[PDB]
């Protein structure tokens, strides 16, 4: 289907102006004018063509080759001319199993017909003549190295279309711009033409004629745009200027803490005294100078989980000489653009700044599934991974000493640092048109070059989670990288993150670019500042099409509605933003509130505080504990219910006098208290909170 001979069809007589590059499954090398919609009528006249590939025969025999136009043809079989601007009967000997290179050149001045009707035939010894069947034809070896059986360059004999990097796309097309269009069986690669392609909404591709993969990744520019690629590669990374590579972190979903058995305690029949909590994990980004790492930070829920207000040590019966154990459920998360097949990266679980508690490893070459971009391992429809799995006897206990345990109780934070060891790559094979894991290809041989030759943009517009993409961008200091096309900031956002521009305004899923801020590392900042100066531009948002990206830039783009911590996780929002987001109330009663709150807003809240204010201005706080703010819940209808009864002993609010007020406040994550105060107070006193509802008793009704 993606197999056959590779054809270059030129409008000129001398192989200089390629109009179509495409493959044919069989010896029928025709392109009917019917298929030439994406090309100017006057360019539909092909005056020359070149085909290349291999022939593989199923049965040894003497064959004669012929075409539809032997008078206008020269054909080579492994360096040997077999057709020379004349028909013949010259039999060449071909043995089973062996691969023979084919090159065919065709020239015809002033054809009176558009397109090309051209067929390649052969006749065996039993005088059967037919168009060469698909099972006999293979593509050229369009790789950076030759195969054991398939040479990567064609014979030096005759015409060679300029293709300096051997990806299959002619030099001139990569530099000047090309488009890819799908017919029924085939993809046509053609020159970009403004008045034809711009309105069809087609993508204008440019790539380096000297880089087989312009993003320095393991898939060629041609493989990408023709679909000759792992189907798990992200759609945006089918662009030659967008890097395809995995990006993995670990998501911890929950945790259970328990007291370690010790030799001194013979009795193992005591009551369960474990501490189980939900956890929230986010991939982070620090802008630590020059970082290329995977890390996520885990927040352990501080809300009420057990009776009493005991310390963790009291709860678990942990004395100063005891040790504790941690178990947890996790999944791996691929937020990058290429899949992983046979090695999951190794992860350190870290307490505080640098106390490693555990090393989390999966079994090499024994993965239960692929870990695909925009997906999880295990998939979300399957159980997560327990750090100590019930099956294996050999899972190492994740242990903490007493002082570390107290530290975890106080910080309620863990960090997961994951390496970039991703194993082997599934590559396309031109011999059989299949994609398979290549044991000779490893991500560790690719990632450094990707990181060195691309600009990185990290964007949080999808659910406020950080997503990293890398886009091919010139390095003015590296001659090879100057052969890449100019990459603008605007173009990068379109191709890497799917920004569009319906009315001259760049948007991401309906949000104008101006709704996001720009943040740069030191070197990138100075670079962009210089560019703006050179442009006499005072506002980056009005010149995004004129700002050029360079290799090694780091750009961080964030939703402006939110406040961010040092890990660039969203942790709060302006009082005015939070207020407005709670303005539309659906229903109110002494039982609670029913609102429609933006999904992003909910992400930055830790909970709510409910208060009744009497006529003299005194306030009764109903859920007056730092661990009792979790009173909101998302309903199946998407609406949020704030539950007044939960921490009111299951009772609706009692409002003594209709003139009393019910006030509800939102508490953002950055303002959230996660421990009792120093003086031991567990109340909400002093919590910085945002009034989001205030009605008198007669208004609630």
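Numbering follows the first chain given and starts at 1.
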item	value
Between 549-557 and 391-399 (mean CA B-factor, as deposited), the higher	391-399
Comparing 96-104 with 459-467, the one whose average Cα B-factor in the PDB entry is higher	96-104
Criterion, highest CA B-factor; candidates, 570, 585, 537, 383	585
Selection by C-alpha B-factor (highest) of 442, 315, 284, 71	71
Residue 502 - which third its CA temperature factor falls in, relative to the rest of the chain	highest
Ranked C-alpha temperature factor of residue 111 among modelled chain residues, by third	highest
Residue 201 - which third its CA temperature factor falls in, relative to the rest of the chain	highest
Ranked against its chain, the third holding the CA B-factor of residue 273	middle
B-factor third for the C-alpha atom of residue 490 within its chain	lowest
